[PDB]
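Asks: I'd like to ask some things about the structure below.
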There are 2 protein chains.
Amino acid sequence: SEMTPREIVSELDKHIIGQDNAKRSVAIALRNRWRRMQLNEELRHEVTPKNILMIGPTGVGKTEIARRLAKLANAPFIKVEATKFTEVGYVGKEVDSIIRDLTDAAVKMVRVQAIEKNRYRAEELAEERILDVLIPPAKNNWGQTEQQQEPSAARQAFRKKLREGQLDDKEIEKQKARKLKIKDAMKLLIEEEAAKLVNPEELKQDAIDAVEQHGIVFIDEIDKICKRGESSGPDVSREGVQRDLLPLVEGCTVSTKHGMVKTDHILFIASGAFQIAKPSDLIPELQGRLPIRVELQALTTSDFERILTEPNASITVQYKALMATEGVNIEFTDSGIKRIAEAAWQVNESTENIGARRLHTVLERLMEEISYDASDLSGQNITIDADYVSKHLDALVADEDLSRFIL
Amino acid sequence: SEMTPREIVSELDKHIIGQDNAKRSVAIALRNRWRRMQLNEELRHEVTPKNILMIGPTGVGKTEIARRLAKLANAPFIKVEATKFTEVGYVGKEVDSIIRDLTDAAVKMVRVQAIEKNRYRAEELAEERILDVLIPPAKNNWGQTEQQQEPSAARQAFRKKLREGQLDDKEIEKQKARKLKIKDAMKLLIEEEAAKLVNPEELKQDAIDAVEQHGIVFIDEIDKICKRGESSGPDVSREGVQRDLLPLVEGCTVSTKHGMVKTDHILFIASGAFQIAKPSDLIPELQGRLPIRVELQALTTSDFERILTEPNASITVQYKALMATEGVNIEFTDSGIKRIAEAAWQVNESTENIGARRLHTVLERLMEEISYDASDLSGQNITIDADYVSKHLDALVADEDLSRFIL
Ligand SMILES: Nc1ncnc2c1ncn2[C@@H]1O[C@H](COP(=O)(O)OP(=O)(O)NP(=O)(O)O)[C@@H](O)[C@H]1O
C-alpha cells in the first residue's frame, strides 16, 4: 500500500517547486513499481521498469526531485554523471561501478535501519546486563518448569535505579584505557548488544534485494554522451559510455562487493537539457530503454521569490541569522525579495539560465557591505527593501559583459 | 527430447512477429545441438555447433529471437557489443570476458533454479522449528511414527493458526537462540533451513555444464568491427577483436572464478545491419566460423499492430493488466491500435526508423494521463479508441522536434 500518483506528487510538492509534470512522471514511475509486483508470475517478472529521461536545464530541481522521490519512496539512490565515464582511467569497469557504487550506498542504507529496529535489545539488554548489580536475590533458578516468578528478583524493583540512577563504575556481580560504569555502560552496553543482532547476511541479502529490486539511478548530462557533427573524436568513446550503460539499463547482472545484482528491475532517470543534441541523437537501443520523456520548464521570478524564502532554511534566512550573530539585524522585506528574484532571473535570461544558483551570487553580492561592515554598525536594524536591492544590483544586471564575473 | 524445427518456431512466434527464416535458422541451430548427441562419439566432440550471423535493421527482432530461443531452450545467454573492445581498450583485449560473464549468469541460473526446485521443504522445514518452539514436543518419544501426527491436535491447530496469524515474539535454534518475532524468524529459518540443500560444489559444477553445453552468446554490432582502409589506423585494431573472438567461437577454454569452461559447443550469434560494411568485409576465419547467415527485414505497420496484440504479454496486454491493477479496465480499439502503430511508424518515417522500439514510447505517452489519473478512476471504464490516440499523438507526430525529443 504505497502512495497514489497524486499522493506521491503532494509529498514532492512539499520540498520543491514547479516541474509538476516531472514530479508527476517520476511519481507515476514509483506507482507502477507497485502495480508491477502485483500480477501473475508471467508478467510479474516480465514488465520492464519504465525509465524516465528528464529533459531540462541546470539540475534545477531534477536532481532534487529524483533525490527526494527515492528518499520518501525509501530506496537506494545514486547520482552519476554521464561524462564521468569518458576517457581513460576508469571506463568499462567504471560504467559497471554505477551499480556497485549504489549497491554499497545501499548496504549502508539497509544498515542504518537494520539497527533502528534492533534499537531495543540494545538499551534493554544494556541496562539488564548492568542491572545484575548491587544486591543479588538468591541462587536458585531453573529449578521449576512451571514456577518461576518470585525467586529471581534483583531488578524487580532496581530497574528504576538504573534508568536515571545508573551511575556506578562496577564490573560484575596488556591493553586498558576504558573504565566500565553503569552511567556509561547503559550507553556502552548498547554497542555490545547492538552488535549481536547484526547478521551480515540478513543485511547483505536484504540490501541486494532492496537494490536490484528498488534501484533508482540518476544519469546526469546523458545528453553529453550523444554526439556532435561529422568528425567525432572522443565521442566514438562517448557512445561507448552509452553502450556500456545498456547492460545495466537493458537489465543485466554485475559483480558487486556483496555478491551479484540484477540491473533489470532497476529504475534509471536520464537527465540534462538537450541543446547541442536531442534524445533522438541518443543511441536507439538506449533511446528505447528511456521511455517516459518529461520536459522540464525553466524557472520564473515567482519561483525564485519562493525558494528565496519558502524553504525550511531559505538562503535569506540563515543570512539574517548570520548577520544576527554579528549583533546586527537585517530585515528581508517582501518588497526586496521580489527584486532579489527580479534580479536572479534577469541575469539568467541575459547571461545564461541556471536558476537557484544565481541567487547565492546575487544575494551575497547585494549584501556585500552589510556582511563586511557588521560590527561597524552592530545593534541597529537595517531594511532590505526593493529600493535597497535595485540600488545596488541595478547597474550590474544591465552591464552584461561583467555580470558574467560577479554573478 | 527437444522440439522439432517448427516445434521451436511455433513456441517462438509466441513473442516474435514474422522473420521466421531467422527463427528457422535460430531454430535449426537449437536442433543441431541435440543431433550431435545422436552422432556417435566418433563425431561427437568432433562437430562444431555452427554459429549464426543475423543481418537486419534496427528493432526488428534479432535480440528477442535470441533470448526467446535462449529462454525457450533454458540456457545461460548473454548479449554483448563488440565496440566495448576497441579504441584504447585495455579491456578490449579481454574478449574472453564474454564466457567469464556467460558463466556468471550460468551461476545465477542453476542457483535460483535450485531455490524453487527445492522450496517445498524450504518453507515447511522452516516453520517446523517455529511451531516446535510454539508447542515444545515432549521429551523421549516412543517410536510409532503416527504419534507425531497426534500432537497435531493442538499442533496442526497451531500450524494452521500460523499460516496466517503470526507476529508472535519467540526464540528458536552458529545456530540461533535469539529472541525476535515469528514474522522475521519465519523468513530467517526459511533461509537458514533452506540453503541446507544446495551443494555449492555440485552446484557451481552444475552451472558450468550449462555454459559449457547449453550456453548462448550474442556478439552484437559485429558489423562495426570490420573495415575501410587507405591508412589502416584504427582498422588493425578493430579486426584484432575479431581474431581475439575467434578462439571462443573456434573452441577454447577460459579461466573463471568458477572454473574452466570450453566454448567448444556454444551458440554465438553475431549480428547487426551492414548498411556500410558487409559480412565478406569481416575477417575470413570468422566469416567461416559464421556458417549460418540469415537476413531480417523491416517490420511494417501491419507487423507493428500485430506486435501490440498477438504476442504473449504485448505492451497493451501488459498495460491492460497494468492499468487494471489500479482497478480500471481499458480497451484498445482495432482502429486505435492501428493508430498507435501508424503513429509509431509515422515518427520513424521522419526522424529515425528505430523500428519496434518506437511503439513502447508512442503508447506509453499515449497513456500519460490514464497511467496517472488511475486511482481515482478505480472501477471506471475507458476505451482507447481511434479518436483517443489521434487526440494525444496526432498533435506530436505532426511536428518533428518534439518527436525527436519525446518519442
Ligand atoms: N517480432 C518482433 N519484431 C521486432 N520487435 C519486436 C518483436 N516482438 C517484440 N518486439 C519488441 O521490439 C524490440 C525489438 O528490438 P530487438 O529485440 O533488439 O531487435 P533487434 O533487431 O535485435 N534490434 P537492433 O539491434 O536495434 O536492430 C524488442 O526489444 C521487443 O520489446
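So basically every Cβ, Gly included, is an ideal-geometry build from the backbone, and we count neighbours across all protein chains shown. Here, each number is a calculation from the coordinates, and none is a lab measurement.
Asks: B:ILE17: net charge of surrounding residues, Cβ under 9 Å, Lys/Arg +1, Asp/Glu -1, itself excluded?
Replies: -2
Asks: Something else: Please give the FRET efficiency for A:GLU173 paired with A:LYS204, using the beta carbon to beta carbon distance and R0 = 41 Å, rounded to the nearest 0.05.
Replies: FRET efficiency, A:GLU173 to A:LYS204: 0.60.
Asks: Continuing with the same structure: Taking the Cα centre of segment A:299-406 as origin, sum charge times position over the Cβ atoms of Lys and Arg (+1) and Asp and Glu (-1), and report the length of that vector in debye to the nearest 20.
Replies: 300
Asks: Kindly provide the pair-distance distribution of segment B:207-359 built from C-alpha pairs, with 10 Å bins from 0 and whole-percent values in order of increasing distance.
Replies: 9, 25, 22, 23, 16, 4, 0
Asks: For a quick check: sort A:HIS258, A:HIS15 by the number of other beta carbons within 10 angstrom, fewest at the front.
Replies: By the 10 Å Cβ count, ascending, the order reads A:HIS15, A:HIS258.
Asks: Need one value for A:283-293: mean number of C-beta atoms belonging to other chains within 10 Å of its residues' C-beta atoms.
Replies: Average neighbour count from other chains, rounded to a whole number: 6.
Asks: Would you mind ranking A:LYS179, B:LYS108 so that the residue whose beta carbon has the fewest other beta carbons within 10 Å leads the list?
Replies: A:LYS179, B:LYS108
Asks: Determine Rg/Rh for chain B; Rg is computed over alpha-carbon atoms and Rh is the Kirkwood hydrodynamic estimate from the same atoms.
Replies: Ratio value, two decimals: 1.08.
Asks: Need the list of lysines near A:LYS161 for cross-linking: C-alpha distance under 16 angstrom, and skip anything on the same chain fewer than eight residues off.
Replies: Partners found: A:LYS170, A:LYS181, A:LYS183, A:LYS187.
Asks: Follow-up. Would you please give the residues with an amide H less than 5 Å from that of B:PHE332, counting only those at least 5 places away or on a separate chain, with H modeled from the backbone geometry?
Replies: Correct list: B:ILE384.
Asks: A further question follows. Tell me the Kirkwood radius of segment A:233-300: reciprocal of the mean inverse pair distance over distinct alpha-carbon atoms, in Å.
Replies: With all distinct Cα pairs of segment A:233-300 included, I get 13.9 Å.
Asks: Please report, to two decimal places, log10 I(q)/I(0) for the protein assembly as shown at q = 0.05, 0.06, 0.10 Å⁻¹ as given by the Debye formula with identical point scatterers on the Cα atoms and no solvent.
Replies: -0.38, -0.54, -1.22
Asks: Note down the relative contact order for segment B:229-387 as a percent, whole number, built from C-alpha pairs under 8 angstrom at least six residues apart.
Replies: That works out to 20 percent.
Asks: At a Cα cut-off below 28 Å, give the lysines reachable from B:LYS320, other chains included and same-chain residues fewer than 8 away excluded.
Replies: A:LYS23, A:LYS50, A:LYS262, B:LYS14, B:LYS62, B:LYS71, B:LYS338, B:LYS391
Asks: Can you give the calculated 222 nm mean residue ellipticity of the protein assembly as shown, where each DSSP H run of n ≥ 4 adds -39,500 (n - 2.57) and the sum is split over every residue, rounded to the nearest 500 deg cm²/dmol?
Replies: -14000 deg cm²/dmol
Asks: Which residue, chosen from B:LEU359, B:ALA343, A:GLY251, occupies the Cα position most advanced towards the positive end of the dipole of the protein assembly as shown, where the dipole is computed from +1 (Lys, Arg) and -1 (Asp, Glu) charges on Cβ about the Cα centre?
Replies: A:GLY251
Asks: All other residues with a Cβ under 11 Å from the Cβ of A:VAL88 taken together, and with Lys, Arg as +1 and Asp, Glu as -1, what is their net charge?
Replies: -3
Asks: When the label point is put 7 Å from the Cα of A:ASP387 along its Cα-to-beta-carbon vector, which residues of segment A:306-333 have a backbone N closer than 20 Å?
Replies: Of the residues in segment A:306-333, A:330-333 have backbone N under 20 Å from the label point off A:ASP387.
Asks: With each pseudo-label sitting 7 Å past Cα toward Cβ, what's the A:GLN318-B:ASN21 distance in nm, one decimal?
Replies: 6.6
Asks: Compute the distribution of all C-alpha to C-alpha distances in segment A:114-262, in bins of 5 Å from 0, and list the percent of pairs in each, rounded to whole numbers.
Replies: Bin by bin from 0 Å, the calculated values are 2, 7, 11, 10, 9, 9, 8, 7, 6, 6, 6, 5, 4, 3, 3, 2, 1, 0, 0.
Asks: If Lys and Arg each add +1 and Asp and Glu each add -1, what is the summed charge of the other residues whose beta carbon sits under 13 Å from the beta carbon of B:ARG33?
Replies: +2
Asks: Determine which residues of segment A:102-129 fall in the zone a paramagnetic label at B:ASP184 would reach in this model, i.e. backbone nitrogen under 14 Å from the point 7 Å along Cα→Cβ.
Replies: Flagged as within label range: A:110-125.
Asks: Another question, if that's okay. Determine, from the Cβ-Cβ distance of B:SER280 and A:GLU46 and an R0 of 35 Å, the FRET efficiency 1/(1 + (r/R0)^6), rounded to the nearest 0.05.
Replies: My answer for the efficiency is 0.35.
Asks: Among A:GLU2, B:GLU230, which comes first, second and so on when ranked by fewest other beta-carbon atoms within 10 Å?
Replies: Going from sparsest to densest Cβ surroundings: B:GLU230, A:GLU2.
Asks: Relative contact order for segment B:215-283: what is it in percent, counting Cα pairs under 8 Å that are at least 6 residues apart?
Replies: About 50 percent, as a whole number.
Asks: Could you work out the relative contact order of segment A:299-406? I mean the mean sequence separation of Cα pairs under 8 Å and 6+ apart, divided by the number of residues, in percent.
Replies: Here the relative contact order equals 34 percent.
Asks: Where both residues lie in the protein assembly as shown, what percent of DSSP beta bridges are antiparallel, nearest 5?
Replies: Antiparallel: roughly 20 percent of the beta bridges in the protein assembly as shown.
Asks: Hey, how much of the P(r) for segment B:299-406 falls beyond 16 Å, as a percent of Cα pairs?
Replies: 55
Asks: Counting only the backbone N, which residues of segment B:354-393 are under 16 Å from the spot 7 Å out from the Cα of B:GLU400 toward its beta-carbon?
Replies: In segment B:354-393, the label zone of B:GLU400 (backbone N under 16 Å from the point 7 Å along Cα→Cβ) covers B:354.
Asks: At a Förster distance of 51 Å, what's the computed FRET efficiency of B:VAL236 paired with B:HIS258, Cβ-Cβ distance as r, to 0.05?
Replies: The pair B:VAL236/B:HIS258 has a calculated efficiency of 0.90.
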